[PDB]
Amino acid sequence: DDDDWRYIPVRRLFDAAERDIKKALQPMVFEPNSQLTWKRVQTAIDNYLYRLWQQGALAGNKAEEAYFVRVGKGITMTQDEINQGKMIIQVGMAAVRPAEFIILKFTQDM
Amino acid sequence: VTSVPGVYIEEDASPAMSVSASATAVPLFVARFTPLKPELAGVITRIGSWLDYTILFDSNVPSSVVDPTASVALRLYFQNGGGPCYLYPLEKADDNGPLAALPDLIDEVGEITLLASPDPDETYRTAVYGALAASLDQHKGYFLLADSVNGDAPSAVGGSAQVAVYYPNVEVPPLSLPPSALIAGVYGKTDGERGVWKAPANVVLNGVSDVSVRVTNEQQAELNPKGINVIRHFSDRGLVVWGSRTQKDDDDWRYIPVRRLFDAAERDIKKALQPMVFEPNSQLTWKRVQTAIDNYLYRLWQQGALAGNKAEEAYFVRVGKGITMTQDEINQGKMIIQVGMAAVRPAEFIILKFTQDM
Amino acid sequence: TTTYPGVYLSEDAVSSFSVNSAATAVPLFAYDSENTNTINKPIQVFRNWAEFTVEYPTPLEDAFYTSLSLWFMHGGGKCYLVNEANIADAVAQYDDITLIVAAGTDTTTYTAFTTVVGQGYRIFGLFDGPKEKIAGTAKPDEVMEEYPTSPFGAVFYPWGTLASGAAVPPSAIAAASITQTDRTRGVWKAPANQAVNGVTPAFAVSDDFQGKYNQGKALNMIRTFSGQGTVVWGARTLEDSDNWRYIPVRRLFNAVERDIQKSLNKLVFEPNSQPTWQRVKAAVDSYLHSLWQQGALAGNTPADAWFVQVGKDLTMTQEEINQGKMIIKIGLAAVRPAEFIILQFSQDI
Amino acid sequence: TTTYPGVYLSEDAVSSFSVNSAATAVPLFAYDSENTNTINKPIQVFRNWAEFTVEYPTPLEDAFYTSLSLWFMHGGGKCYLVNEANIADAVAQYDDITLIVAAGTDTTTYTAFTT
Amino acid sequence: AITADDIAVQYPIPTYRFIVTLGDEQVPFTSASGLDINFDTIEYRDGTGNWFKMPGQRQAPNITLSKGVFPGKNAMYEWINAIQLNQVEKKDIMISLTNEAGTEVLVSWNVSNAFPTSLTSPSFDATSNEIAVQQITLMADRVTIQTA
Amino acid sequence: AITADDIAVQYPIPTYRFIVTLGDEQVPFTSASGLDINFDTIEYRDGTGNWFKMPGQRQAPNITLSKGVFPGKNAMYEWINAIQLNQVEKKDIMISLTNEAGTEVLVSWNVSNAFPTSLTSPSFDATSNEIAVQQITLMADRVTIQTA
């Protein structure tokens, strides 16, 4: 009953985007955990989220209002987290909600 | 109450009203508006459309021989050309508390251009026109749309160039409204379609049917050499606003479109130079400010606003250290710019001079 | 918790801001001693945002938390939280603090700021104003009686109401236009027209309200505009004298007096004689020519901009050579902002 | 009067001429001694127009004022107003005067020019 | 004796010292060319011998700028990426020949409503000691020369 | 004193140090050019004088890469030989200006859906001391510049 996950197409858009990003980043597992790899992972997500926006999936008008991908060492991580062998990525999206109520409001005054 | 995801049907709706977009005619209607939620009782609220008025304010307000006319005056505003339309609900006239705090609340909102208080009471408007008279000569760019009572200026604003009076009360199917709510509409219609340099004086008033007093030529002949600006009735056209003079009898600021061209150009130059405040007061900055004014005045000339034929006859911008300033004035942190323009005046008299000799 | 070598998914809502700092803006977010929400460490260093939400993992609303959160989202490097009764101890101990920001704090930060200015640490304070609305019948000499009359501080009235609804102390909005100006235009340009994003003022200020608070103690309004939105609007300190008016020329002489102090301590234990007075005079002169070249001084020759003197009959005595004391007196001309743009129109060509 | 840090507007009608001088034309606008409109300084220097309308802020019509105003609008650098009985004192003292212009003046400027 | 205040009046101006005001900001550029004023030509001949030669209508200038690639934020990519089918922030270009201090204009070339039409990447070469230079080309409607 | 950590902030970047990420692999190249962002121009004139200048639609980039011939397996022949009338493995190109160690990106030029359109053989000459260099040209749809 939340405002975020109320509808089926908003929920299954996020489930399908997380599934296809996961299938794209598994070649980038056991790579050297360096800043060169973090940009190769950021671009692989940014190329995926751009071709969702240009086919109408994401609710934006600029492609900076539709999504964002963030990765770095000062941003989204700490140095103690690189040393234990993980990278942390913040991905956000903006979906569009369907029109399920249509009110007609007739009259005959003009 | 919508819960089923189908299509719902209602049968006694009212027709919606369209709103236009304008930046040179944003009025502040001071009338007896009745709010629904009482937090917006002594403040100024923005009413972007007629739909915003029906949610924030009570738009029915059933009468009791007195009749509420503040909601009727806004419907005639959006029928004649809408706008962002700021409102200030002011209930009774003699409360000198909120009227003393009125010119300080107008300056806090950035974008009021017209005033035009639409109220049928006579002593109500005199308290409003007297409270706003001190803010018209302070170079802030406001423009009052006053209303005559029996054919003369309301004397709170005698001969300032920021005031346009409009005499005949206009009747609606019959309650009589002061015409300032309609004329504030036709300014936004004229400026959007023709520009601020066009005289707003051939627009047919939508909505209304007839004026309260049918004004002849001979009484307009003693009124038009004042700024009275009679709403006339023509049989083929309807109700036409007829007159474009201000209260100032000077040769410079006689007409409304000459006055509001300079008020709109000073307002848009001011919005363009505020990024150049707290810059280093050097000769490099003075040329960046001169070009930003010269680019603005060129694109007024090439769309017909300025009366020139060469663009050196239309305008000039001057800034320097030997010119327009002294070294003691740079040291106290100011730059002084001389801007001039040349506007065109409308043709208001056509003499035909017939004959049959050839 | 990470177990298997695959790719993990989660939906815990987090945020993270990048770091785009400048070295000349290291503030001191002083907070009140009457506060139990803070960690009881009296002084602590926050090098970026991803370390600040480790100590404070849940979003608060208190005046020390909307001050730091509005700092890190405009760049901002390292910065300090100190109790209001310990700021004299921390200025004297970390040696790179260039600002004291009173994050919703008075009545003893105003006191202990005047402590460190007399000791001459070259600090610039950023204070607050009234939290509830100034009337208009206010008689401004009664409002700014509280504030110090030192040229190292400014006040900045209208409080903030950032997007979560919480209050931002306006020492943090004014310190957020100093991160983005020392990064971009330098320390000599006034911090005014820089837009600080993600905050809105609580109140509204008309032009005629700011005009009485401009001269005197200079209340330094925060105002929103269509275009450059919610900038700070006014760049004056707490003294209207003709050399220590204007916030930027004060911070331009803090950083000059400190970059020459850190470049010439590497010349101690040299003999206090005439070759040393030369390599002082060519080390100061090389620094200020890097500074004149990037548009920070006034005058269009280096003889127009600065001078320096150090020597035997110039600025010292033989009583002072023999006890060590080197005195290096510099004089330099800085630029001023164009504060008032008078447009005067006419009708004739 | 400037109070707040914004942008100011006014409509006081002013004029201002630029300076495009030459060094070989430094005149001496000699005026009559029978004149109370002038400032009682016997010799005074006017380096440009924006300094001349500080001493004389209102437009006159007298022969010393239509002479200087027609000077500065064609360039014109520094230039002098001297009484007609003092032009021999000012030529000998400022060393760069290259012209003596009788701005509606005779019967003693003709004398002291021959001096 | 030439007394260098006379050099600032009657000697010509070199082309290595210039400030580019790009909208409301100053951006350091390396090169700047193409700020021309070009007209077309109308011609008319009759059988008697009268040739009538007339200036046509002036066409659009194409201004090309070039600057180096710096490690921070790319301001010229952020202005050519904000194209949505018509919609571009037009800017006022000012290219002023300046003194050596950088504080006063000698002569300026103003450009009214410029928007980017191209942005070239640097040429990557492993055997070259050069600086990465982007080259943006602009299109406007008017070129104005102010002299002061 | 310039303190070389400040060189990594405010000095420009040269063009001799770059990593080319080609799909999911790194391939060493010698040259790389043509990563441009080009738009077309819409124009409209009426009789009153209004000229309307607008950006058109951006056209496709043509990226050319060149590397040497090595004795092992030719990875660029194996990607241009797998053309069946429409069907090509599109790849993501990343050309990043890198530090001297090769481990962190200064600024990158990204290329979305590239496929090969040409592959030139080296020029065989018996009187030349040169390296056999193949030159592949690519065609894509978008060029993106990420800076970090």
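Residues numbered from 1 in each chain as written, not as in the entry; some residues may be left out. Chains lettered and ligands numbered in written order. Part of a larger assembly, values for the part shown. Heavy atoms only, no water.

Judging from the entry metadata, cryo-EM is the method by which this structure was determined, and 3.3 Å is the reported resolution.

## Concerning the overall build of chain B
A count of helices and strands for chain B gives ten helices and 14 strands. Taken over the C-alpha atoms alone, chain B extends approximately 75 × 70 × 50 Å along its principal axes. Here chain B holds 358 residues, and 52% of them are scored as buried. Summed over all atoms, the accessible surface of chain B reaches about 16,400 Å², with 52% contributed by carbon and sulfur. Of the charged side chains in chain B, 31 are positive and 42 negative, and the gap between their average positions amounts to 8 Å. (Helix = DSSP H or I, 4+ residues; strand = E, 2+ residues; numbered from the N terminus. Buried < 20%, exposed > 50% of the residue type's maximum accessible area, 1.4 Å probe, protein only. Areas by Shrake-Rupley, 256 points an atom, 1.4 Å probe, with all protein chains shown as cover. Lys, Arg positive; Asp, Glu negative; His and termini not counted. Charge placed at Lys NZ, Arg CZ, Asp CG, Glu CD.)

## Some thoughts on the overall build of chain D
Across its full length, chain D carries four helices and five strands. Taking the principal axes of the C-alpha coordinates as reference, chain D spans close to 60 × 30 × 20 Å. The buried share of chain D, taken over its 115 residues, is 42%. A separation of at least 24 residues holds for 69% of the contacts in chain D among residues at least 6 apart in sequence. When the accessible surface of chain D is summed, it comes to about 6,400 Å², and 51% of that surface belongs to carbon and sulfur atoms. (Contact = heavy atoms within 4.5 Å.)

## Concerning the sheet that holds strand β1 (residues 7-10) of chain D
Reading across the sheet, the four strands line up as β13(B)-β14(B)-β12(C)-β1(D) and stay open at both edges, with mixed pairing between neighbours. Two strands lie at the open edges of the sheet, namely β13 (315-318) of chain B together with β1 of chain D, each paired on one side alone. Taking each pair of neighbouring strands and ignoring which way they run, the sheet shows an average axis angle of 20°. Direction of pairing for strand β12 (residues 340-346) of chain C relative to β1 of chain D: parallel, over a ladder of four bridges. Counted as the bridge partner of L343 of chain C is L9 of chain D from β1 of chain D. (Pairing = 2+ DSSP bridges. Axes fitted to C-alpha atoms, helices over the stretch in contact; angles between N-to-C directions.)

## Focus on the relation of the copies chain E and chain F
Note on the copies: chain E fits chain F at an RMSD of 0.0 Å, the axial shift is 0.0 Å, and the rotation between them is 60°. Classification of the inter-copy transformation places it as that of a six-fold axis. Nearest to the rotation axis, the C-alpha of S128 of chain E is located 21 Å from it, this being the minimum over chain E. (Least-squares fit on C-alpha atoms.)

## Topic: the arrangement of the chains
Across the ten pairs of chains that are in contact, the largest number of contacts falls between chains E and F. Regarding chain A and chain D, which are not in contact, the minimum distance between any of their C-alpha atoms is 34 Å. A gap remains between chain D and chain F, with no contact made and the closest C-alpha atoms lying 31 Å from each other.

## Examining the pattern of salt bridges
Residues and elements named next belong to chain C. Applying the stated criterion across every chain, the model contains 28 salt bridges over all chains. A salt bridge links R245 to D242; the nearest nitrogen and oxygen atoms lie 2.9 Å apart. Through salt bridges with shared partners, a single network forms among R236, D240, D242, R245 and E339. (Salt bridge = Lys/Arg side-chain N within 4 Å of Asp/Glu carboxyl O.)

## What to know about the environment of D121 of chain B
Looking at where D121 of chain B falls in the secondary structure, it is placed in the loop between α4 (102-108) and α5 (122-131). In the structure, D121 of chain B is positioned 28 residues away from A93 of chain B in sequence and 9.3 Å away in space, judged by C-alpha atoms.

## A word on the interface of chain E and chain F
Residue-level contacts link 38 residues of chain E with 37 residues of chain F. A combined buried area of about 3,100 Å² lies between chain E and chain F, and 61% of that area is made up of carbon and sulfur atoms. Three residues, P71, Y77 and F124 of chain E, lead the burial of chain E against chain F; their summed loss comes to 24% of the area buried on that side. Counting every contact that joins chain E to chain F gives zero salt bridges. For the pair chain E and chain F, the interface holds 13 residue pairs in polar contact. Secondary structure elements with two or more residues in the side of chain E that touches chain F: α2 (77-80), β8 (105-120), β9 (124-125) and β10 (133-139) of chain E. Residue contributions to the side of chain E that touches chain F peak at five residues, all from β8 of chain E. (Buried area = accessible area lost by both parts, 1.4 Å probe. Polar contact = N/O pair within 3.5 Å; in protein donor to acceptor, adjacent residues only side chain to side chain.)

## Quick notes on the side chain of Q220 of chain B
All names here are of chain B. The residue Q220 is located in helix α7 (residues 217-220) in this model. Look at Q220 and you get buried, because its relative accessible area is 9%. Sequence-distant contacts of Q220, that is, excluding residues within four places in its chain, are made with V215, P225, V230, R232 and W242.

## Things to note about the packing of aromatic side chains
Applying the stated rule across the entire model yields 54 aromatic pairs over all chains. Put simply, the rings of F17, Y31, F46, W49, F52, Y56, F64, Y65 and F72 of chain C touch in pairs and so form one group of aromatic residues. It is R32 of chain B that lies over the ring of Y124 of chain B; its NZ or CZ is 4.3 Å from the centre. For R45 of chain F, the ring lying beneath its charged end belongs to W51 of chain F, and the centroid distance is 4.2 Å. (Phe/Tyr/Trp six-rings, centres within 6.5 Å; stacked < 30°, edge-to-face > 60°. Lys NZ or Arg CZ within 6 Å of the ring centre and 35° of its normal.)

## Observations concerning a negative patch on the surface
A contiguous patch of negative charge on the surface is contributed by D250, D251 and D252 of chain B together with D348 of chain C. If you trace the backbone, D348 of chain C turns up in the segment after β12. (Patch = residues over 30% accessible without salt bridge, like charges linked within 9 Å, V, L, I, M, F, W, Y side chains within 5 Å.)

## Things to note about the sheet that holds strand β3 (residues 45-46) of chain B
Residues and elements named next belong to chain B. Spatially, three strands are ordered β2-β4-β3 in an open sheet, and the strand pairing comes out mixed. Each of the sheet's edge strands pairs with one partner strand only, and the pair in question is β2 (28-31) and β3. Sheet analysis places β2 next to strand β4 (residues 86-89), joined by four bridges and oriented parallel. Of the residues in β4, the one forming a bridge with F29 is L87.

## Some remarks on the environment of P201 of chain C
All names here are of chain C. Mapped onto the elements of the fold, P201 is located in the loop between α6 (176-182) and α7 (207-210). For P201, a relative accessible area of 14% translates into the label buried. Placed 106 residues apart in sequence, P201 and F307 show a C-alpha to C-alpha distance of 44 Å. Those residues in contact with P201 that sit more than four places away from it in its chain are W159, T161, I222 and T230.

## Here we look at the packing of helix α3 (residues 87-94) of chain C against helix α4 (residues 109-118) of chain C
Helix packing geometry: the angle between the two helix axes and the distance between the axes. Residue and element names in this part refer to chain C. Closest axis-to-axis distance for the α3/α4 pair is 9 Å, and the angle between their directions is 35°. The interaxial crossing formed by α3 with α4 has right-handed handedness. Across the interface between the two elements, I87, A88 and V91 from α3 touch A112, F113, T115 and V116 from α4. (Left-handed = near helix turned anticlockwise from the far one by under 90°.)

## Structural notes on the pairing of strand β11 (residues 143-147) of chain F
Residue and element names in this part refer to chain F. Among the five residues of β11, four are classified as buried, and the element is accordingly described as predominantly covered. For strand β9 (residues 105-120) and β11, the ladder comprises five bridges, and the chain directions are antiparallel. Residue pairing in the sheet places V111 in a bridge with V143 of β11.

## Digging into a nonpolar patch on the surface
Among the surface-exposed residues, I102, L104 and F106 of chain A together with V7 and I9 of chain B lie close enough to one another that they form a single nonpolar patch of about 490 Å² accessible area. Within the secondary structure, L104 of chain A sits in the segment after β3 (102-103).

## Considering the environment of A307 of chain B
Residues and elements named next belong to chain B. In this fold, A307 is placed in the loop between α9 (283-301) and β13. In the structure, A307 is positioned 21 residues away from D328 in sequence and 36 Å away in space, judged by C-alpha atoms. Setting aside residues no more than four positions away along its own chain, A307 makes contact with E313, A314, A342, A343 and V344.

## Overview of unusual backbone geometry
Comment: phi is negative for the bulk of residues other than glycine, and the bulk of peptide bonds are trans. All names here are of chain D. At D95, a position not held by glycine, the phi torsion is positive, near 70°. Note that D95 resides in the loop between α3 (87-94) and β5 (101-102). By relative accessible area, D95 is classed as exposed at 77%. Residue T107 is not a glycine yet carries a positive backbone phi of 75°. Along the chain, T107 turns up in the loop between β5 and α4 (109-114).

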